[PDB]
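Residue numbers (the entry's author numbering), protein chains in the order written: chain l2, 2 to 249; chain l8, 24 to 254; chain o4, 58 to 113; chain n5, 23 to 142.
We put the CB at the ideal spot given by N, CA and C, even for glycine.
Take a look at the structure below.
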Amino acid sequence: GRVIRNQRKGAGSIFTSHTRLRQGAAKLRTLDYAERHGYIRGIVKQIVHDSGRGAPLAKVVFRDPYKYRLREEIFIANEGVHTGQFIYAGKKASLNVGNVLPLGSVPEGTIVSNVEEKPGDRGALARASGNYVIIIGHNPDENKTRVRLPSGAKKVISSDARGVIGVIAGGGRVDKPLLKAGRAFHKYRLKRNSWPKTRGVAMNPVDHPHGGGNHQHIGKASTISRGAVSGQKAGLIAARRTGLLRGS
Amino acid sequence: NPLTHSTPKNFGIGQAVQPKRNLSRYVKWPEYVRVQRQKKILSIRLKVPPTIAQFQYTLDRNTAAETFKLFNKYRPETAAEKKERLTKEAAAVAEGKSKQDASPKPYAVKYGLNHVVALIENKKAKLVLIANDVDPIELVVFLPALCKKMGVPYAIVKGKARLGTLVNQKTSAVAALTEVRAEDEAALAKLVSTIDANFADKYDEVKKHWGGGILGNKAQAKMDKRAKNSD
Amino acid sequence: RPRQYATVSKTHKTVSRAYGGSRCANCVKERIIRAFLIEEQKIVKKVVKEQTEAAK
Amino acid sequence: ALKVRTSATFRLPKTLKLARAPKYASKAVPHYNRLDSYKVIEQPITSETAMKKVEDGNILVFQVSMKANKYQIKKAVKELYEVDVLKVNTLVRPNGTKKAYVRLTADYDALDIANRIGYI
RNA sequence: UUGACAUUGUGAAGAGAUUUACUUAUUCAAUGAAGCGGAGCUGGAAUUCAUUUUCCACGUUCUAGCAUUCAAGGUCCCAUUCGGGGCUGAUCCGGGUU
RNA sequence: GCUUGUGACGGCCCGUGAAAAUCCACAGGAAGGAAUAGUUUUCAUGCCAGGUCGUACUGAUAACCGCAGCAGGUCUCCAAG
RNA sequence: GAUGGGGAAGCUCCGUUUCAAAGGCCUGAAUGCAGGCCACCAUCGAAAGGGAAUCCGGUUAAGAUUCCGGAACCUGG
Ligand SMILES: NC[C@@H]1O[C@H](O[C@H]2[C@@H](O)[C@H](O[C@@H]3[C@@H](O)[C@H](N)C[C@H](N)[C@H]3O[C@H]3O[C@H](CO)[C@@H](O)[C@H](O)[C@H]3N)O[C@@H]2CO)[C@H](N)[C@@H](O)[C@@H]1O
Ligand SMILES: NC[C@@H]1O[C@H](O[C@H]2[C@@H](O)[C@H](O[C@@H]3[C@@H](O)[C@H](N)C[C@H](N)[C@H]3O[C@H]3O[C@H](CO)[C@@H](O)[C@H](O)[C@H]3N)O[C@@H]2CO)[C@H](N)[C@@H](O)[C@@H]1O
Ligand SMILES: NC[C@@H]1O[C@H](O[C@H]2[C@@H](O)[C@H](O[C@@H]3[C@@H](O)[C@H](N)C[C@H](N)[C@H]3O[C@H]3O[C@H](CO)[C@@H](O)[C@H](O)[C@H]3N)O[C@@H]2CO)[C@H](N)[C@@H](O)[C@@H]1O
Ligand SMILES: [Mg+2]
Ligand SMILES: [Mg+2]
Ligand SMILES: [Mg+2]
Ligand SMILES: [Mg+2]
Ligand SMILES: [Mg+2]
Ligand SMILES: [Mg+2]
Ligand SMILES: [Mg+2]
Ligand SMILES: [Mg+2]
Ligand SMILES: [Mg+2]
Ligand SMILES: [Mg+2]
Ligand SMILES: [Mg+2]
Ligand SMILES: [Mg+2]
Ligand SMILES: [Mg+2]
Ligand SMILES: [Mg+2]
Ligand SMILES: [Mg+2]
Ligand SMILES: [Mg+2]
Ligand SMILES: [Mg+2]
Ligand SMILES: [Mg+2]
Ligand SMILES: [Mg+2]
Ligand SMILES: [Mg+2]
Ligand SMILES: [Mg+2]
Ligand SMILES: [Mg+2]
Ligand SMILES: [Mg+2]
Ligand SMILES: [Mg+2]
Ligand SMILES: [Mg+2]
Ligand SMILES: [Mg+2]
Ligand SMILES: [Mg+2]
Ligand SMILES: [Mg+2]
Ligand SMILES: [Mg+2]
Ligand SMILES: [Mg+2]
Ligand SMILES: [Mg+2]
Ligand SMILES: [Mg+2]
Ligand SMILES: [Mg+2]
Ligand SMILES: [Mg+2]
Ligand SMILES: [Mg+2]
Ligand SMILES: [Mg+2]
Ligand SMILES: [Mg+2]
Ligand SMILES: [Mg+2]
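Here it is in structure tokens:
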């Protein structure tokens, strides 16, 4: 046989991300004396669009605590954050949209974005346009909150971990139908080259396990094991069950 | 005075860029610096076996500097000191004076390892000085168990390099004398009996007990304030 | 063009005011004012919160 | 005791960096001056065209060391033929030899000095 | 992928004819390795074996300013024509960067 | 009217449309600073110098590729009635 | 794509600010000590990208925004 398409992607080459026109990385401010004890103030200087990301970025200046200089940060704008507003950052900071706080420092029910999985990693969960995570409870022991992630699975993280108050801008972006091949073409021109996608059942047997011909059919179960080997994994991979669900 | 004003800076979160402070604890140190500090701590933690931990019992500078002062009048023959005794006595005795009798019998501090051990094996020395800092530590540790069984009184001392300046060199490890001066018989057996106190006879107690432990600062105040306060 | 500015007299590269180049006019005007209003209200906030410090 | 570390960023201390005391030279004798003035200007270019430039343009056309820049040329042109050199334009002929167009100032006649070198 | 053996140290219970101590190996994360760990200053109630008696606070939030010169002030030395040094300003103690 | 540049604008995106060298400017106040004088070289004028390699010509039904002076292939500027 | 480095029997592989003690400016006292700031970072990579600055007229068998005549400009002293 050949090396199927989904193997060739881990070598980089063609399949690397298209990064040129991006803003910087979107990261919180470093977790320091400022945010850990008091709070800090900075102006969101502009929000702005980041290529291949559908979730506008907010550029927040801060004043360097330990030297006289300005320090710019790249935050993911939270829907209602606005140019000129004052962002407050720390455990003593208030509860308001745009502010970044420790998680134990909010009451349960609070909704938050860009939330760190462990303290000071400068944010992971709910970065995408229109995402949020709700704090479902706290702990006396071991600085633990517990939160429900956008996937719906609840995960228990450190009450010292941060997150910014709100839910990311960029709204209902996926409601609008792509409507055209070209609209999906430019979608991925600025992201990575996964598009368009040729169907494995349409290839020859050399190119894909599906590629058996003479009719177009997969010919053996489309559900592959987890212990399967690189080059056999195509189709429904760990699939627990299959078919149309209708599960609300 | 009142052409001026008193304008205190707020030096607190949100204002007034912090003043220079002593970061000497926070400094990111060169790698070699890190290890030598961290090699200590590693040896400070864990559990030291008895025969290794039998050191760190050292001689207080009181007994030390006085012991050293005894040894310090016994310095072995030096560079120019060997020019005199040789080119004179090897001349004056050449065809003339008596063989080996033309120069006086010496008294010195008798240095080197296989030197010192062979003595202690043959019971020809009285006071031994074994320095605490020797890498490898195996070059020594057998002696305190050997010096007891051979009945030679010994002293674990500071200054592997301190014992060296006594002997003219940079470093020493073992330094032990043998004969001494007929007058100094007092101090030696005064040293022997007060040095037999800490490490000679008390040594068999040092063995039974091990060493190690030392949770260190942040872990100490954690266990104290846990069990010993409230928990 | 950028390097031509090292060939030109300084009475081009600026005008006469605080922030002669850089920020313009109404923005330097708004600069002054907004400073003064917060500096005042600072004093006001120190004292009104130093009086509820005192008599209680 | 202690010391005040004002910064937590460590840096390599400065150190004397002694000068060099060789003890045996390198070379036996320094190289004599390669590319001297009798090298630089190599030979005249006497072609009928360059010739017409002598009796009109007040320019002396010379083959030159490929290694000789416009300074070396002008210095060695002055030194050898004892004249003031206005300007110097050098190309490299197709054959891989440099041709220099050396203009003499108003104070001199290029045709005179030409057949003072004995070509005319 | 699963088991074993070795990297592999220190502890405690409670079970058969397995749950969880500790940090120094090793593993991850952050930093231009700044503010950790313990104790103390001052302010309020704890309150009456009128104290050792614990808890609490202990610099920034109407504003699209400003924030840098080992710090002004205060308090000591020097002969100080002019600048010059110590400590305070900014508690202490450990050097375990978090 | 043609080509073309510029001024003011309108629309398009789940596409919002390089980087660095370089140059000027501001805030700041370290500093030097005059009277029988000391100040400024971002105002005018005046002095000297600027190396090295390339530079021809074809660029195509003959100068490149395609065994060739091959009906093929090979990026671009100017454009009259 | 070197460098502390970490792989690989090795030819070599990874890495480009990383688990590194990674410096080079301006001033005074003809040159060292005393000042002092500042310090994440070799280099290669565009004859269509960025970019200091020239024009006209004349001239050859064959070169010219290059030569000549005239008029300029830019960088560096
Ligand atoms: N991925 C590119 C990013 O560019 C960013 O830089 C942003 C700005 O600093 C930069 O702005 C440039 C400016 O540098 C340059 N000196 C002048 C230029 N007109 C500006 O351009 C920008 O602003 C103008 C006016 O609003 C717009 O017309 C233009 O479309 C826009 N790109 O353009 C970016 C915004 O478009 C950051 N350097 C960084 O996040 C990253 O490198
Ligand atoms: N159009 C906006 C919304 O899009 C979603 O609908 C889409 C998805 O729900 C559904 O699944 C798509 C999947 O087909 C497509 N190949 C990839 C996409 N990520 C999937 O979406 C799915 O996974 C994402 C996470 O990846 C989950 O957050 C989401 O709940 C889930 N439905 O495919 C639908 C389109 O074919 C909403 N479920 C739907 O109610 C609504 O139309
Ligand atoms: N932008 C201000 C106006 O620009 C006008 O001229 C502008 C327009 O002709 C043209 O601007 C177009 C605009 O027409 C059109 N409707 C929107 C488009 N984005 C603009 O383009 C401009 O901005 C984009 C960034 O979005 C830049 O990447 C691009 O280089 C820039 N020309 O480019 C010019 C420079 O921006 C006039 N000068 C005047 O009316 C006024 O100054
Ligand atoms: Mg194959
Ligand atoms: Mg990439
Ligand atoms: Mg494609
Ligand atoms: Mg599809
Ligand atoms: Mg398809
Ligand atoms: Mg087929
Ligand atoms: Mg197959
Ligand atoms: Mg098939
Ligand atoms: Mg078929
Ligand atoms: Mg068929
Ligand atoms: Mg079909
Ligand atoms: Mg089918
Ligand atoms: Mg199969
Ligand atoms: Mg014991
Ligand atoms: Mg002006
Ligand atoms: Mg040339
Ligand atoms: Mg020729
Ligand atoms: Mg295994
Ligand atoms: Mg097991
Ligand atoms: Mg085990
Ligand atoms: Mg017409
Ligand atoms: Mg684009
Ligand atoms: Mg300017
Ligand atoms: Mg100014
Ligand atoms: Mg030409
Ligand atoms: Mg030509
Ligand atoms: Mg043509
Ligand atoms: Mg042809
Ligand atoms: Mg051909
Ligand atoms: Mg044709
Ligand atoms: Mg053709
Ligand atoms: Mg074509
Ligand atoms: Mg490489
Ligand atoms: Mg590294
Ligand atoms: Mg020097
Ligand atoms: Mg170019
Ligand atoms: Mg021509
Ligand atoms: Mg001319």
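Query - Straight-line Cα distance separating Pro210 (chain l2) from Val230 (chain l2) - result: 12 Å
Report task. Determine, using beta carbons only, whether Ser226 (chain l2) and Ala170 (chain l2) come nearer to each other than 9 Å. Result -> no
Report task. Would you kindly work out how many angstroms separate the C-alpha atoms of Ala23 (chain n5) and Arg33 (chain n5), rounded to a whole number? Result -> 22 Å
**Report entry** Whole-angstrom distance between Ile64 (chain l8) and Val101 (chain o4), CA atom to CA atom
**Finding:** 56 Å
Requested in this report: Flag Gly37 (chain l8) as yes if its beta-carbon sits less than 9 Å from any beta-carbon of chain l2, otherwise no.
Outcome: yes
Report task. Return the chain-ordered list of same chain residues with a C-beta closer than 8 Å to the C-beta of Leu150 (chain l2), the five sequence neighbours on each side being excluded. Result -> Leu126, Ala127, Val134, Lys156
Query raised in the report: Which residues, taken in chain order from the stretch 43–58 of chain l8, show a beta carbon closer than 9 Å to some beta carbon of chain n5?
Result: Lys43, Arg44, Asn45, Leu46, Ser47, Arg48, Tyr49, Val50, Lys51, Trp52, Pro53, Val56
Report task. Would you kindly work out how many angstroms separate the C-alpha atoms of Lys145 (chain l2) and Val113 (chain l2), rounded to a whole number? Result -> 16 Å
Query raised in the report: Any contact of the stretch 79–95 of chain l8 with the stretch 112–127 of chain l8, i.e. 3+ C-beta pairs under 8 Å?
Result: no
Query raised in the report: Can a CB atom of chain l8 be found closer than 9 Å to the CB of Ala23 (chain n5)?
Result: no
Query raised in the report: Are any of the Cβ atoms in chain l8 nearer than 9 Å to that of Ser59 (chain n5)?
Result: no
Query - Residue-level contact to chain l8 via CB, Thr31 (chain n5), 9 Å cutoff - result: yes
Query raised in the report: Taking all protein chains shown into account, do 16 or more other C-beta atoms lie within 10 angstroms of the C-beta of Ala94 (chain l2), making it buried, or fewer, making it exposed?
Result: buried
Query raised in the report: At which residues does the beta strand (DSSP E) containing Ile75 (chain l2) begin and terminate?
Result: 71–77
**Report entry** Coil, strand or helix - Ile218 (chain l8) by DSSP
**Finding:** helix
Report task. For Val71 (chain l8), collect the residues of the same chain with a Cβ closer than 7 Å to its Cβ; drop the 5 residues on either side in sequence, then sort them by chain order. Result -> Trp233, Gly234, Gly235
Requested in this report: In angstroms with no decimal places, state the Cα-to-Cα distance between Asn97 (chain l2) and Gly164 (chain l2).
Outcome: 12 Å
Query raised in the report: Around the Cβ of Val58 (chain l8), are there at least 16 other Cβ atoms within 10 angstroms (buried) or fewer (exposed)?
Result: exposed
Report task. Would you tell me roughly how many angstroms separate the C-alpha atoms of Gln61 (chain l8) and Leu169 (chain l8), rounded to the nearest one? Result -> 31 Å
Query - Neighbour-count burial assignment, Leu57 (chain n5), 16 or more Cβ in a 10 Å radius - result: exposed
Report task. Check whether the Cβ of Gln86 (chain l2) lies closer than 8 Å to any heavy atom of ligand 14, and answer yes or no. Result -> no
Report task. Starting from the Cα of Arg30 (chain l2), find the closest Cα among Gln47 (chain l2), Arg72 (chain l2), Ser14 (chain l2) and give me that residue. Result -> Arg72 (chain l2)
Query - C-beta neighbour in chain l8 for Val26 (chain n5), strict 9 Å - result: yes
**Report entry** Opposing strand residues paired with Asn111 (chain n5) [DSSP bridges]
**Finding:** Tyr123 (chain n5)
Query - Coil, strand or helix - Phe87 (chain l2) by DSSP - result: strand
Query - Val85 (chain o4) (DSSP reduced to helix, strand or coil) - result: helix
Report task. Inspect the beta-carbon positions of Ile218 (chain l8) and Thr90 (chain l8) and report whether they are closer than 9 Å. Result -> yes
Requested in this report: Using only alpha-carbon positions, find the residue among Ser69 (chain n5), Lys97 (chain n5), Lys89 (chain n5), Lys92 (chain n5) that is nearest to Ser59 (chain n5).
Outcome: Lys97 (chain n5)
Query - Sequence-ordered residues whose beta carbon comes within less than 7 Å of a heavy atom of ligand 9 - result: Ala203 (chain l2), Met204 (chain l2), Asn205 (chain l2), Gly214 (chain l2)
Report task. Would you mind reading off the limits of the alpha helix (DSSP H) that contains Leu162 (chain l8)? Result -> 161–172
Query raised in the report: So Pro66 (chain n5) is in the beta strand (DSSP E); what residue range does that whole segment cover?
Result: 63–66
Query raised in the report: What is the DSSP secondary structure of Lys43 (chain l8), counted as helix, strand or coil?
Result: coil
Report task. Specify which residues have a beta carbon nearer than 7 Å to any heavy atom of ligand 17, listing them in chain order. Result -> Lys231 (chain l8), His232 (chain l8), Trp233 (chain l8)
Query raised in the report: Beta-carbon separation of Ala35 (chain l2) and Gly91 (chain l2) under 9 Å?
Result: yes
Requested in this report: Give me the Cβ distance between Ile158 (chain l2) and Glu109 (chain l2), rounded to the nearest whole Å; I'm assuming they're in contact under 8 Å.
Outcome: Not really, about 14 Å apart at Cβ, beyond 8 Å.
Requested in this report: Enumerate in chain order the residues of its own chain whose CB-to-CB distance from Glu101 (chain n5) is below 8 Å, with the five nearest sequence positions on each side excluded.
Outcome: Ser59
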